[PDB]
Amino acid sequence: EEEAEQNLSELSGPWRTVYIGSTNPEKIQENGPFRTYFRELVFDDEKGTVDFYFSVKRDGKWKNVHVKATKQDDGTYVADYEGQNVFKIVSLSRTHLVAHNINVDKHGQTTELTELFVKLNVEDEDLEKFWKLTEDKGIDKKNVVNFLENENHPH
């Protein structure tokens, strides 16, 4: 029985959107800028940043977007995306993230959003079991597809 040492950087990896609520429904409706499907998050303790990778449909077309947020002394984060954003992590653990975001768009309109995100955790022992079974069946490693990275890098 063992578990990796808890580190903020250990939280980095594939994350998925569960729910997003908005004070302004138009922001999360079809073609809304905040109807975001998360792919990956990267936390950097040293730099005090969080890199967001997500997908959003715009003009009937899916787009991959990257946003870097920077931490402030008070602990909140600021990011530039469809206006200015100040977001706050309300709850965070190895498997979930609950956040509150305040957005002020290019017209001075303020929208507040809430979101619940979950992390996809792949444990070492499970990967080992998969590879052993795969080698037992005489399957060459080049004949294995990584579906998770495909989902993390869509088009």
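We call the rigid core whatever largest set of C-alpha positions still superposes within 1.5 Å between the two forms. All residue numbers are counted from 1 along the displayed sequence.
Superposing each structure in 4 other deposited structures of this protein on the rigid core shows that the farther-lying of 13 to 21 and 134 to 142, by root-mean-square Cα distance, is 134 to 142. Higher mean CA temperature factor between 49 to 57 and 86 to 94: 86 to 94, per the PDB entry. Look at the mean CA B-factor for 11 to 19 and for 136 to 144 in the entry; the higher one is 136 to 144. Of all the options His100, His66, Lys106, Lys63, the entry's greatest CA B-factor is assigned to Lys106. Per the deposited coordinates, the residue with the largest Cα temperature factor out of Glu115, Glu112, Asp124, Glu40 is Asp124. When the modelled residues of the chain are ordered by C-alpha B-factor, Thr36 sits in the lowest third.
In the deposited entry, the Cα temperature factor of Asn152 places it in the lowest third of its chain's modelled residues.
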